[PDB]
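Chemist: My questions all concern the structure below.
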Number of protein chains: 4
Amino acid sequence: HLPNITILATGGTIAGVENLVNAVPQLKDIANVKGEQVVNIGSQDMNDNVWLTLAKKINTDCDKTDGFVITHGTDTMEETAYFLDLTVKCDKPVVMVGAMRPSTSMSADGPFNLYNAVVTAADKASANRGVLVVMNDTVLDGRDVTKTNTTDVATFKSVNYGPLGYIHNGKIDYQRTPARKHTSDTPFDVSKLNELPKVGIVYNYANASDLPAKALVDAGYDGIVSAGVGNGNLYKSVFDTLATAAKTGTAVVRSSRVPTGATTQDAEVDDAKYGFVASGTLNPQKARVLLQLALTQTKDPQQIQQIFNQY
Amino acid sequence: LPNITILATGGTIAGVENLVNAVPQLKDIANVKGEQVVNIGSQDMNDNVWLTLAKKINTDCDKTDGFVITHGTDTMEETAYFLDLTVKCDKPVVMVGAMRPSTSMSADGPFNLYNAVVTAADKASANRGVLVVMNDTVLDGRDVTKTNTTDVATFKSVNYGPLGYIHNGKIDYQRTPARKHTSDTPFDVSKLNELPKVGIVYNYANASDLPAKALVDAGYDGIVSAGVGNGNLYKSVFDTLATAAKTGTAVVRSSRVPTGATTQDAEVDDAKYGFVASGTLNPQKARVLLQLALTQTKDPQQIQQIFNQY
Amino acid sequence: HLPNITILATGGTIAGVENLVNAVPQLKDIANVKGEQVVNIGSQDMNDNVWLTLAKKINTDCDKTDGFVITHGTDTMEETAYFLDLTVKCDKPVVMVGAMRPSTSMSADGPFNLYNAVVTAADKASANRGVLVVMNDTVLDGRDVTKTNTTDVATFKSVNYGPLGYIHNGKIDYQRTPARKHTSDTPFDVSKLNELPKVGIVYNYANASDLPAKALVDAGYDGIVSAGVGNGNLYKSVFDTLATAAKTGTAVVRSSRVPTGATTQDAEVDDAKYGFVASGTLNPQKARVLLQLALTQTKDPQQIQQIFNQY
Amino acid sequence: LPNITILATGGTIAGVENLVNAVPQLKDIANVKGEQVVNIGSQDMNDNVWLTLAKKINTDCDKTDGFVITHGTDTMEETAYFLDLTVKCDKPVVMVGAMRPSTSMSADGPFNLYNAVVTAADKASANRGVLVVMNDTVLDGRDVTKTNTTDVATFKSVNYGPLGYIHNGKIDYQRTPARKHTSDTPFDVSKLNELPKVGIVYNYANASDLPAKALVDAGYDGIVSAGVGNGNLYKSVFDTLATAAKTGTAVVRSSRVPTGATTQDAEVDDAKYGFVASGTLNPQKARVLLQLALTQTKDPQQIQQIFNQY
């Protein structure tokens, strides 16, 4: 008896959706695989509608399978993974996987990546660890995982807290699990939502224009995430715009363009004075995910900060 | 002992005249003179300070043996690259800051400043471009970047590595940047009062096109895209920047991904759209080169050549 | 009411033992500190006797304090930390700390390192995580922590599974804990031992002499750890000597000189055929610690392998 | 197309004559000829193979445009440095291997070999020393090391970084090693049948002196210490090596620590004891340089100078 694993595809094939058991025939040795094409897009075009589709599908079909593998482009896999980490209520394994080389190229990584993703989704030890990303023989938690390099097959790393386990010869030695609350331990419930609160991201740098921030404010955005410099700092003109926005109903989260480390609460910005929230180790795109979901529950900055301290 | 000028741009990391008293060991390695150029937090760094610093270094080159610039860490990597392209003095120019306040336990500023002066005093530091010295390491201004929000070891040359390490006041240099810098560039800011307007837009799932449209509507000369993966763009952002490029806006594809190049000949046909690929330059560094490129040319093929040489 | 923290010193001072509350006066704000000089040596001379002294002291004095900080040289801190991780039965916090710069040098790291070590030992959340190392604002588990650079203040990293938490403004956000069994979950009990089994380490490289391995065998060593090349591979002459030793009573553990990754069981060496044990992610010096302790319980290679799979 | 010679030292990574059939895309970039020099696992690499490879490359230099050497990954970093010091051909010499078996899913060997040939065919690769090409990256033979036991991305130049990255068959080189290599070294193995005996001892808590004593008793010409921290030694190991140095044994302090230099002027008075500090050379790389140094001199001051130049 092998586990039933459902592959949900979101784009092109990473090996070579119903043909994957022929493209990677050794999947037969580890699982009974069934494939469904959910959508077909490049992940640079990933969007809220696809996120809601995936969460609802996994939650609806949880009782019909033993685990899920989602094939997904690498560019925004880290965003989808965290969205699902917060909204999936199935605690069976949910594993995302992609490929940094075309499936037609020399030494394509897709085939073995898919094999190892199925290994992970079939391992009972993978349950209750949240939504996972499996790339380059490594199991990574959906919160901390990020794409660190533009081209390397080894690009995906959990840059602050490290991987959960390594895969060798079809076996995983798990030595870690994420302590932040995920899946069925979060209050986020998207089962009935057709849309998510509007949250945009602005970058900070020398001489930064306030026009991007102002355009999101003019459009009535529900939240703005700042990709700050250093420990979440803001260029003066951007600071001025976001200070006004926070006092007129917009939720403002300070994150950082710096690729590792937390944007902390007790540094150079008096968040309580301005009504801002500090993102911790969540990078701008991950902080956007959590802020959108926070905004389904509350608009209060103190309550949003508590959310950013727990999930 | 060599004469070293410390140009301060903010608060102390260890008045500016007092640094020899804060770090008395500096007297054993250099004759130090300090000047306060501006006094701002580096999160508020801007074009006017960049122009002031380049002009000052170029004007005072003959008056000193080397320069150390004290600077906040948040945007040091941007100022370093700007100076790397516009300074024509080939005497050492070294930037330094501190990740812990000078008043805090185990403050890093004192030894960082000591090592920055060591570097500026070392004859072997000349002709290597503008340098950043942090955590016992000499880093080239092009590749150096702040990798962590809090760690004293945050500054790293994440693609090509450091130039040398400092131990007991001595540097073993094993590398130098091949990209053209300082007097090997055509960028000459000596007579400029302002720089071309270049903004940065971020890409992510469901990204709004409104930031890009706002820069276009303001007549920006260039826009850098902090793309996903190998410089890819969310569809609506792509569409806005493609239309803008047809009108003459310079568009550089960079990446929010912290290491690796945004390459030509990947998923985006840059020649078709009139875009430029930034290579290993991250968004804020690509902005620096794009502003300077736009002092010379608006033509995308020529801008691409600049992004392949500097 | 502040916690009672005991500082156990093993060498020179890292800040500036009873004077430390004067060298770092802000310790008064976070703990009631008492210091004891256990030994006074450079950690390059660390040895079994000091290890046994420390474990027995912590176990004896557990009920007299709220947590422990051990000041220790950096060169072998990673070895002592893992030894204590396996032998301490006090589940109150035990934190090791050192300094990469002299306490008299510019920007000495010792003072703040000690402050943060006391913060960690005083945090109730630090309990039950095993023996810890606190360096450069980071809390690291004793198993995976290793010295990665010869001079950098940021040298200590948990290179396979990452840190447990980061320290900012005297507060720790713990997001991980080690899954391998430690402290009171191990069977290793050194309370009555005056000596440990003899275990030496041999290096592998091109053209490697068998003479180091032969000298340990001739001396009747109880175990030998190989610092293998790649995934625990051995130069032919070293392989030949260790194959003979394993069949004549010596325990042989394959580790690797490679600084990250596991020496795995199902690679190029048939460990069952030769009676060898694979060390997993334990580097040679850490594998020595566990092998010495395994040898207090058993000489059987299969049982030693199980130990290397659980601790 | 350039003529590239593939010298194989073990099993295939993608007979040796068949590589153009395993990787047909090689025909689009080079005229490839293969020769099997030896057939061993690289964990069994040894002095005789090193001498064979250096002599073969030096003899056949005029007959080809570049060399690729296929080699096991376990000791590739040692062979690369040996060749980096002894090859006098300044045409490209590139080493390559594979972390996954050629028969396994997503085997890395095929593309690694393709990129190695790209590198050997690129005129810009010349005069950079012996190179290792792995995971789309060109790495200098001195600093390159295997950092992980299993990862395809294991090879990194952990102190000074890579020389260039390979994308779509093109290399952007931004660095070159400053330490002297190839024809800038005095090491000449053309007439040597053997190399001086150099062994490596490890340091750790409670370390036995018996390994060191065994090498001394065998009359080893040199011993490298894999020290703790900045090249420190356990007392009993120290005492044995100090006595041996007084008798003429060459002793190099390296470090088991995987990055950073073993420096002069730290905790060990090298001049007093007659020891040599290895710098950034790890134990196995320090052995390579020490063996070659001992073909020229037994004097510790001269050996230290060699460790400061190569």
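Residue numbering restarts at 1 for every chain of the structure tokens, chains are lettered A, B, ... in their displayed order, and ligands are numbered from 1 as they appear.
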Taking only C-alpha atoms into account, what are the residues of chain C at most 6 Å from chain B, put as a PyMOL selection string?
Modeler: chain C and resi 106-109+112
Chemist: Should the cut-off be 8 Å, what would the residue list for chain D against chain B look like, counting only C-alpha atoms, as number ranges by chain?
Modeler: D: 159-164, 167-168, 173-179, 263, 265
Chemist: Residues of chain C were defined as contacting chain A if any atom lay at most 6 Å from it, counting only C-alpha atoms; please report them as a list in words.
Modeler: residues 161, 162, 163, 175 and 179 of chain C
Chemist: Quick one: everything within 9 Å of residue 76 of chain D, counting only C-alpha atoms, minus sequence neighbours fewer than 2 positions away in the same chain. Send it as a PyMOL selection string.
Modeler: chain D and resi 42+71-74+78-81+95-97+132+145-146
Chemist: Could you give me, as JSON, numbers by chain, each residue of segment 21-258 of chain B that DSSP assigns to strand (DSSP E or B) when run on this structure's backbone?
Modeler: {"B": [31, 32, 33, 34, 35, 36, 66, 67, 68, 69, 70, 93, 94, 95, 96, 131, 132, 133, 134, 137, 138, 139, 140, 144, 145, 146, 148, 155, 156, 157, 164, 165, 166, 167, 170, 171, 172, 173, 198, 199, 200, 201, 202, 222, 223, 224, 225, 226, 227, 228, 232, 250, 251, 252, 253, 254, 255]}
Chemist: Those same residues - C-alpha atoms - I'd like them written as a compact mmCIF listing (two decimals), in the first residue's frame.
Modeler:
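After the write, part-v6.txt holds the following:
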```txt
# COMPACT_ATOMS: atom_id res chain seq x y z
CA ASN B 31 47.72 62.08 10.60
CA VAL B 32 43.96 62.44 10.66
CA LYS B 33 41.94 65.52 9.74
CA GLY B 34 38.14 65.52 9.90
CA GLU B 35 35.50 67.57 8.12
CA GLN B 36 31.72 67.40 8.50
CA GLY B 66 43.54 59.13 1.25
CA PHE B 67 39.93 59.52 2.33
CA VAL B 68 37.66 57.79 4.83
CA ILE B 69 33.93 58.62 4.64
CA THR B 70 31.82 57.86 7.72
CA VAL B 93 38.59 56.25 -0.83
CA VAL B 94 37.11 54.10 1.92
CA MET B 95 33.61 54.17 3.38
CA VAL B 96 32.83 52.92 6.89
CA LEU B 131 35.98 50.61 -1.01
CA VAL B 132 33.80 49.76 1.96
CA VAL B 133 35.60 48.48 5.08
CA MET B 134 33.47 46.68 7.63
CA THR B 137 37.08 43.04 5.44
CA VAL B 138 37.79 45.26 2.41
CA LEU B 139 34.84 45.21 -0.04
CA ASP B 140 34.55 46.75 -3.49
CA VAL B 144 29.12 45.24 -1.57
CA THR B 145 25.62 45.09 -0.08
CA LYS B 146 23.95 45.02 3.33
CA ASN B 148 21.33 41.51 7.33
CA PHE B 155 28.28 43.81 4.62
CA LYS B 156 29.32 41.24 2.02
CA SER B 157 30.23 41.16 -1.66
CA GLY B 164 41.11 41.46 1.16
CA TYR B 165 40.99 40.76 4.87
CA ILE B 166 42.56 42.88 7.59
CA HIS B 167 44.51 41.30 10.43
CA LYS B 170 47.75 44.56 7.58
CA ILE B 171 45.77 43.62 4.46
CA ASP B 172 46.31 40.64 2.19
CA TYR B 173 44.68 41.70 -1.05
CA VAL B 198 15.26 57.34 -11.69
CA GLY B 199 12.79 55.45 -9.53
CA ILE B 200 12.41 51.83 -8.42
CA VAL B 201 9.28 49.67 -8.53
CA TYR B 202 8.86 46.31 -6.79
CA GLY B 222 14.43 56.01 -15.95
CA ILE B 223 12.73 53.28 -13.99
CA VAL B 224 14.42 50.27 -12.38
CA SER B 225 12.26 47.18 -11.89
CA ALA B 226 13.00 45.08 -8.81
CA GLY B 227 11.83 41.99 -10.67
CA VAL B 228 11.04 38.46 -9.50
CA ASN B 232 10.73 39.07 -14.51
CA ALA B 250 14.85 54.08 -19.87
CA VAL B 251 13.84 50.80 -18.26
CA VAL B 252 16.32 48.58 -16.40
CA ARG B 253 15.32 45.08 -15.30
CA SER B 254 16.96 44.20 -11.97
CA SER B 255 15.81 41.69 -9.36
```
Chemist: I need the residues of segment 33-267 of chain B that end up classed as alpha helix (DSSP H) by DSSP on the backbone, written out as a PyMOL selection string.
Modeler: chain B and resi 47-60+76-86+109-121+210-217+235-246
Chemist: Set the distance at 9 Å and use only C-alpha atoms: which residues neighbour residue 301 of chain C once local chain neighbours fewer than 4 positions away are removed? I'd like the list as number ranges by chain.
Modeler: C: 246, 251-252, 272, 275-277, 305-306
Chemist: What's the separation between atom CA of residue 147 of chain B and atom CA of residue 210 of chain A, in Å to one decimal place?
Modeler: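 Straight-line distance from atom CA of residue 147 of chain B to atom CA of residue 210 of chain A works out to 24.8 Å.
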Chemist: Atom CA of residue 302 of chain B and atom CA of residue 188 of chain B, how far apart in Å?
Modeler: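 Computing the Euclidean distance for atom CA of residue 188 of chain B and atom CA of residue 302 of chain B yields 17.2 Å.
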Chemist: Would you compute the distance between atom CA of residue 89 of chain D and atom CA of residue 117 of chain D? Give it in Å to one decimal.
Modeler: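 The value is 16.9 Å.
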Chemist: Within 10 Å of residue 50 of chain C, counting only C-alpha atoms, which residues qualify if same-chain residues fewer than 6 places away don't, as a list in words?
Modeler: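 Contacts, in chain order: residues 10, 38, 39, 40, 41, 56 and 80 of chain C.
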Chemist: Would you mind exporting N, CA and C atoms of the selected residues as a CSV table (one decimal), in the first residue's frame?
Modeler:
```
chain,number,residue,atom,x,y,z
C,10,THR,N,36.0,29.0,32.6
C,10,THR,CA,37.0,27.9,32.2
C,10,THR,C,38.3,28.5,31.8
C,38,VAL,N,36.1,27.5,37.5
C,38,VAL,CA,36.2,26.0,37.5
C,38,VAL,C,37.6,25.5,37.2
C,39,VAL,N,38.1,26.1,36.1
C,39,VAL,CA,39.5,25.8,35.6
C,39,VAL,C,39.9,27.1,34.9
C,40,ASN,N,41.2,27.1,34.5
C,40,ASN,CA,41.7,28.3,33.8
C,40,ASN,C,42.7,27.8,32.8
C,41,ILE,N,42.2,27.6,31.6
C,41,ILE,CA,43.0,27.0,30.5
C,41,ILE,C,42.5,27.6,29.2
C,56,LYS,N,29.5,17.3,36.0
C,56,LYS,CA,29.1,17.0,37.3
C,56,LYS,C,28.7,18.2,38.1
C,80,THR,N,32.9,21.1,23.7
C,80,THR,CA,32.3,21.1,25.0
C,80,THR,C,30.8,21.3,25.0
```
